[PDB]
Every structure is written in C-alpha cells, then in structure tokens.
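Take a look at this single chain, the form deposited in one PDB entry, given in structure tokens.
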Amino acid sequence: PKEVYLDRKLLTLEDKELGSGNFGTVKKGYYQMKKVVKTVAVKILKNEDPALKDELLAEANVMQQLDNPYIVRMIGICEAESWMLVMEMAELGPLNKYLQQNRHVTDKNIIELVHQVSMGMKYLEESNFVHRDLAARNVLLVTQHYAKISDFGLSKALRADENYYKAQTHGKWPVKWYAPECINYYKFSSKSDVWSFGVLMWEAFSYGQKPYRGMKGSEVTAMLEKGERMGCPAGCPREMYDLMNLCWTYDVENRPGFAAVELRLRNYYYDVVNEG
C-alpha cells in the first residue's frame, strides 16, 4: 500500500481546533479535488521528539490497510509546513461530547452506535490488529445513526503467529480504559480492546461522563482487583450493563472476543426494535 501525497496548494485550514488525537491537533479543512471542494479533518503534527513523525506515518499506514464501513478513511498525507494526516471529516464529532450536548438521544440509538463499533472491532480482531485507544472520544459520528472508529495512533498489526503486543515503553497511557493485563504486564490483545469497549459502553450509556471520576490509576487498579466495577448508568438496560460486566472479565483468557460481543449486541438490538 503506497503512501498517497496531497498538494498543500489544494488544502485550506481553519484556525479553530476540533481537538487533539494521540499524535496531533486536528483542524477542519477543505481539499480541492477537481471541481469539488471536499470537507476534511487534518491531523497536524506540531511535535513540541523525533520518533513522533514515525508514529504519525505508522498511524496513516494502519488506516490504509483497513477497509470497513465503521472505520475512518484516510485521504492522504500532506508534507508541508508540518506533517499532516488528511482524513474524512466526521461532521458530528466524538461520541462523548455529542452525548453531553444531546441528552435526548435514545437508548435504542446508543445500542445501534456501540453495535456499529463492535462490528468495526470484530473486523479489526479478524485482521490481527489491536486498537489500544478504544474510548468514546475516538468513536466519531458521521450522522446521528452512523459511528466510525478513529485514532489509530497506538494501534499495532500483530504478526500471524502472535496474539498480543508487548509494549516496550510505558508512555502516556489512557489507564482508565486499559485492562488489568495491560496495566500489570504491558500485554495488549484484541481481548484487551474488549475491556476498553466495556468502558466505551459505560461512557455512552452515561452520556459522556468521565469513567472513575477523580480516581488515581492506583485506586482504579485496587477497585478492579477486588471484583468491583463502575455502576450501572441511570436508564441503562440490564442486558447492556451485563455486557459491560462481561467485557470487564478480569482474566483475559475467560473474557469474550469481539465475535461474542457483536453477537450479544446484534441480538439485543433486534429485541429492542421488535418489542416496540
């Protein structure tokens, strides 16, 4: 898969930031393609670390190897005043911010969105990729009923003869989204992404509230070790809280993979639609 370079002269950027990803500040832009001016999201590597350039280009490369309706598509790379990763713009933005601003969104609509995420994740697992940053801030809404997975900055392609990535450097990690085996032994698998998916589901049903609010990483570790978990969000269906708890199975061997998770979501979604 060859890198696609874009022409800086055909790209216009707005100064208002959409937010930041693992390896860059993201701004809304416009890419002049033939006669159509296409709205885009541009991740700009400021780098206020020489390895950071390699991390952004690896993220672009991971995106180019993926092709799924629930995974953000990249348009190309632009090497100009900074290294830039140009991707398709998800107009409604991150799920957590969207739900904080739209408390009227139904439980049925949330189920549809997290089910779409589980489908993209099942595809990722089958392809031998680990996401390593699965959280509501990285689920982007194209429309109110169409979510896509984003930010592949920490993602890794596993070799066909391995089932986990061993981190060599303990960097700035989103510990509240990480499974115990990640925190304790630096081992990241698709099952570790399932744990993160459970936290994502809690964030979605809590309308973008922060998980484990005010707690230190050590307090979260202590809580999980003794078999305790975040509470059931107000109005969250029992089946969805039970699925969160299954994603939060402590022992990685006994935790379900995304095929089991997507099946439970698909079944519950069809029960919700068909009950009324």
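Numbers for residues come from their place in the sequence shown, where the first is 1.
Below, we refer to the form solved in complex with a partner chain, which is not included among the displayed structures.
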| query | What is the one choice in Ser190, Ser118, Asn138, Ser206 with a heavy atom within 4.5 Å of the partner chain in the deposited bound form? | reply | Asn138
| Proximity to the partner chain in the deposited bound form, single hit among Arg159, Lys108, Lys166, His170 (heavy atom within 4.5 Å) | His170
| Is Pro174 a contact residue for the partner chain in the deposited bound form, using a 4.5 Å heavy atom cut-off? | yes
| Quick one: is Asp133 in contact with the partner chain in the deposited bound form, heavy atoms, 4.5 Å cut-off? | yes
| Proximity of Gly217 to the partner chain in the deposited bound form, heavy atoms at 4.5 Å | yes
